[PDB]
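Residue numbers (PDB author numbering), protein chains in the order written: chain B, 1839 to 1851, 1853 to 1888, 1893 to 1905, 1911 to 1956, 1959 to 1990; chain A, 1831 to 1990. In this text, a Cβ means the ideal position worked out from N, Cα and C, and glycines have one as well. Encoded as structure tokens, the structure appears first; notes follow it.
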Amino acid sequence: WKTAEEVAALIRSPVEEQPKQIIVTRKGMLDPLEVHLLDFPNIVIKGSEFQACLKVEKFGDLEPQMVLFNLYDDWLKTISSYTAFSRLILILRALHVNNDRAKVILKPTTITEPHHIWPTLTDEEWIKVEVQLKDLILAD
Amino acid sequence: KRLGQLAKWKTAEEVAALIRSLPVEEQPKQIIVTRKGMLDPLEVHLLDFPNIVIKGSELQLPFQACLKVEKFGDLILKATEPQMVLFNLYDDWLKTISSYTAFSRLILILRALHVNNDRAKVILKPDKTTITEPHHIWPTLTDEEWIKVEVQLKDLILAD
């Protein structure tokens, strides 16, 4: 990937080997993506942003990009699939019942990693959050 | 239906047609500038639960309108707001069913995908002509079709 300035330098690089037109593609969604479910039931997918963001080739020289997230982030390092499923559905149910209050519970400096959809919390912080989400649902 | 691309955007096929109408000597000259990032429409699904799979479009896909033709010179490329796309875990269900009913259906599908992912995917495709809209994550099903699928997913969970 090249910068605007580097592409301009390749272009004027001619003299009438230069075409009368240039073909330009529309801007896509800039990876890495930010994905979250905090606006449940919506899934929000956001792109990023002298940037190196261009390629220039012969039109004549003509697989889709795939990005993975995980509804469990990295939890399966610590906990079972059963426990993970249970935590996920509890979070979704809380977001469903009381979206504003759930979002506050999940942000008790609390950080969600760029490649994660849920905050980074210790085992003991998750226990406290689970108690709070349950109380949120019971208060409905 | 998501808002498509404006008139100025040509498909790779349309631009290729333009090029082929030029003097043959001019055709190998033609240059394309590609912008980094994944091209929309995005395709999203949860069938590889717990993974969320997000797939971009490709520049040469049939009817992918993504190319502009401008006069040769200094390129004019305007920095802009980052793209944001919204999908919905309930697709369009809330047009006909309540939030309670949609939540219940959602968690039933997730539970089946958790319990028996291969069988759940088959249940979610009851017919060679079962499709999922490009802006949807679940199949387009009639109300009878959803009733049957919910029965089958429950039977899947009970069998394991």
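- For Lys1866 (chain A), the neighbours in chain B by C-beta distance under 9 Å run, in chain order, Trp1839, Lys1866, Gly1867, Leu1869, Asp1870, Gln1894, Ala1895, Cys1896, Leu1897 and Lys1898.
- The criterion of a C-beta distance shorter than 8 Å is not satisfied by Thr1841 (chain B) and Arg1865 (chain A).
- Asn1918 (chain B): member of the beta strand (DSSP E) spanning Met1914 to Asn1918, first to last residue.
- Take the alpha-carbon of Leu1869 (chain A) and the one of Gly1886 (chain A): they are about 5 Å apart.
- Among the residues facing chain A, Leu1905 (chain B) is included, as its CB has a counterpart in that chain under 8 Å away.
- For the C-beta of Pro1853 (chain B), not a single chain A residue is nearer than 7 Å; the gap to the nearest is close to 10 Å.
- For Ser1887 (chain A), the uninterrupted beta strand (DSSP E) segment begins and ends at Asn1881 to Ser1887.
- The three-state secondary structure of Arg1865 (chain A), taken from DSSP, is strand.
- Taking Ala1895 (chain B) as the centre and dropping the five residues before and after it, the same chain places the C-beta of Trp1839, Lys1840 and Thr1841 closer than 7 Å to its C-beta, in chain order.
- In the displayed model, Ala1895 (chain A) falls within a strand according to three-state DSSP.
- Around the CB of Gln1860 (chain A), 16 or more other CB atoms lie within 10 Å, so the residue is classed as buried.
- Checking the DSSP bridge columns, you'll see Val1874 (chain B) partnered with B:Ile1884.
- One thing to note: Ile1967 (chain B) has its Cβ within 8 Å of the Cβ of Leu1919 (chain B).
- In its chain, beyond the 5 residues on either side, no residue has a beta carbon closer than 6 Å to the beta carbon of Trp1976 (chain A).
- DSSP, read as helix, strand or coil, puts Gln1890 (chain A) in coil.
- Collapsing the DSSP output to three states places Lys1859 (chain B) in coil.
- Looking at the DSSP output, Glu1900 (chain B) bridges to A:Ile1862.
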